[PDB]
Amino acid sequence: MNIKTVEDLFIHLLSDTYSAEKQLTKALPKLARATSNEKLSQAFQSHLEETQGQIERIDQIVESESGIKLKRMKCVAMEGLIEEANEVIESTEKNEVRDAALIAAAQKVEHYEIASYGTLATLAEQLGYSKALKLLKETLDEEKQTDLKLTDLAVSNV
């Protein structure tokens, strides 16, 4: 993290979010397998497909602006969120308690992303990145809908 300008901050956070999404796609298959509820399992599989589209949006964002260039880095916060989900799996039997706990872990993941994309959209707008702003808002709305979905599942987990 070496950041002097708003443009450097945008690149830094976009690079972070990019790493977070790639990590999350690696983890989602196991989350889908670890759940006993098939509706929740399919929500994890749907969320994987959506995350693929979101990573594609980042590529398009990079293409859209000269001097947007991603840095290779590991998003450590996402790394820890994913490990906490894996600790849930390790600490439970495959039942409705695991399900409740996996939804909770995944909503922290989604909320980390909701924050990140909200910030990215604000900064894109500030920097005059019009195409990027459009694409970032598309992801942000999807992240919000996924979280809502997960809440509906947590509530009908009774």
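The first residue of the sequence shown is number 1, and the count goes up from there.
J.: Compare the mean C-alpha B-factor of 34-42 with that of 66-74 as given in the PDB entry, and name the stretch with the higher value.
T.: Looking at the record's C-alpha B-factors, the answer is 66-74.
J.: Higher mean Cα B-factor in the deposited model: 93-101 or 107-115?
T.: Higher mean C-alpha B-factor in the PDB entry: 93-101.
J.: When the deposited Cα B-factors of this chain's modelled residues are ordered and cut into thirds, is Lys26 in the lowest, the middle or the highest one?
T.: Its C-alpha B-factor, which the entry lists for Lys26, ranks in the middle third among residues of this chain.
J.: Relative to the other modelled residues in the chain, which third contains the C-alpha temperature factor of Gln52: lowest, middle or highest?
T.: Middle third of the chain for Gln52's C-alpha B-factor.
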